[PDB]
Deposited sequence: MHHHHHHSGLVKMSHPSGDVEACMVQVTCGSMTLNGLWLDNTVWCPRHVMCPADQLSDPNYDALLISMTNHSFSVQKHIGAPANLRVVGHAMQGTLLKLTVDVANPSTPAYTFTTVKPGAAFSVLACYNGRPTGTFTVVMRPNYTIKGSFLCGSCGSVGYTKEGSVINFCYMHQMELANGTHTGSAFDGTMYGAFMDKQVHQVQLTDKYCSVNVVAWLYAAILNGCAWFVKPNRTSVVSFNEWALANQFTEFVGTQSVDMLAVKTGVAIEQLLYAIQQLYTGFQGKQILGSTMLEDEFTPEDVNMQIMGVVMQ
């Protein structure tokens, strides 16, 4: 039985309508056009020559509104400011199709949708999970900076990510819209090292619940590890503090397999699956959220 648990993204149409190209002398990349404001990464100010140690404050000073060209494929610039790792460009035309939106900073374990763009043209969408080491996976090539990540609560779009860089290990990171870089990485072309990843406990729990709702509940025993103990246990086993949620609880009351049963399960299962499968996997999966499971097996 295919559970129907898949990596599902939000319909991107709302966001497509905001994507623009931002050009500065010789660099080009994507930006996000909301009302009168175009957001893009500041390293568009930086020529290739000087990417390992750019002086962003001097670059900005050296700039004028006419340094920035903004074009829309899928506009005159009349203001320019810096906010952390991002540029805030004021343009004379407000985006009509600006959707209701907000800015949030997502925390490790949360999923969001990414609209990968190149040269202002949206080319692909996919879902990622913000790892505990504040990187994400996904697919980003040269020219993808400016691509944006978002959730939806309603028709309200919560913009959470603007893509900036690929680490040496092939994972990725970017800015939240307050201008800070997830995981404190620097926007410089300089070797930098991710912290060690961990497992998102809450997401593992939600996956084992899916398994139960799909009629694959063999791993379920009446042994129950208390929360704070599993927490202690995890600090030493590369696992995240487990925090319950209304979403998680809802899952226990549809399965009748309360959480702590599963925390215990995680311990015995972390060792190994001892010959058996869970939803066609022999390792634990942590990229499905409480919310995905409710939404997708309802």
Missing stretches, numbered from 1 on the deposited chain sequence and kept in order: 1-5, 80-84, 309-313
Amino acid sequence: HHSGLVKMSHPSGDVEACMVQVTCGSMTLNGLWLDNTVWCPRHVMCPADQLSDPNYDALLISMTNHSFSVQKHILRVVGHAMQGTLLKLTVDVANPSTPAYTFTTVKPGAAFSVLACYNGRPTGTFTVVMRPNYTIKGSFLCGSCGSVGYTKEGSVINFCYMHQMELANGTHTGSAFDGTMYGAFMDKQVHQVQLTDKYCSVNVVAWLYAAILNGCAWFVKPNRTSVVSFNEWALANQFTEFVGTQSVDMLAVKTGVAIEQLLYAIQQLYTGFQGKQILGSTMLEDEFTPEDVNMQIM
From here on, numbers count along this sequence of modelled residues.
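The term rigid core refers to the most C-alpha atoms you can superpose between the two forms while keeping them within 1.5 Å.
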Positional deviation of Cα atoms in 8 other deposited structures of this protein after core superposition, greater for 87-95 or 186-194: 186-194
Residue range whose averaged C-alpha B-factor is higher in the record, 272-280 or 16-24: 272-280
Higher-B stretch (mean Cα B-factor, as the entry records it), 220-228 or 143-151: 220-228
Out of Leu34, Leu59, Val70, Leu51, residue topping the C-alpha B-factor column of the entry: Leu51
Highest recorded Cα temperature factor - choice among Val38, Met45, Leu29, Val257: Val257
CA B-factor placement of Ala210, once the chain's modelled residues are sorted into thirds: middle
Assigned third (lowest, middle, highest) for the C-alpha B factor of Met8: lowest
Third of the chain's Cα B-factor distribution that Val193 belongs to, per the entry: highest
Third of the chain's Cα B-factor distribution that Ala111 belongs to, per the entry: lowest
Chain-relative CA temperature factor third for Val128: lowest
